[PDB]
């Protein structure tokens, strides 16, 4: 009998999917385990190694890849990101729903993986592209090239999301409203789920 399907959250940079995920984990902390991805990008000052990501250098990312540690990986905006088999295994051992956050290429890979039989895939959209571009611009500290790459990824992502096979599309206009919608979708999708 099938394991409980992982929850997979995808969307463009600047859409607020990280905050939505933190709200899910806040309401349902005993029910989900967040998959801590590896990334080669620089850690921001209030991110934490071993909570948000495992921040590694590109050499160590390549070593991990070649040693067979990843279920999927991609290059996004000049850095590498990857989902560890061990992190999915920890969720499974704990009897929890694994919660992944990954980009559209990672989604495509997970859907073809023989390690995971099914999943619930959600794409988070902005209220408008203009609003999202404005949100990216409000990141005072990111370099123009970094913003540039994230906006280039946005174009691809918005173009392809319709073709990938998401179970649900949600528009993050306001966190309270959007989370109220999201939690009802999750409760409907996971009859096993309750708060706490």
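Residue numbers count along the first chain shown, from 1.
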> So which stretch wins on mean C-alpha B-factor, 136 to 144 or 61 to 69?
Replying inline: 136 to 144
> If you rank every modelled residue in this chain by C-alpha B factor, which third holds residue 87: lowest, middle or highest?
Replying inline: middle
>> Per the entry's values, where does residue 121 land by CA temperature factor relative to the rest of its chain, in the lowest, middle or highest third?
In response: highest
> Which third of the chain holds residue 33 when residues are ordered by C-alpha B factor: lowest, middle or highest?
Replying inline: middle
> Based on the entry's values, in what third of the chain does the Cα temperature factor of residue 7 lie: lowest, middle or highest?
Replying inline: lowest
>> Sorting by Cα B-factor within the chain, modelled residues only, which third would residue 41 end up in: lowest, middle or highest?
In response: middle
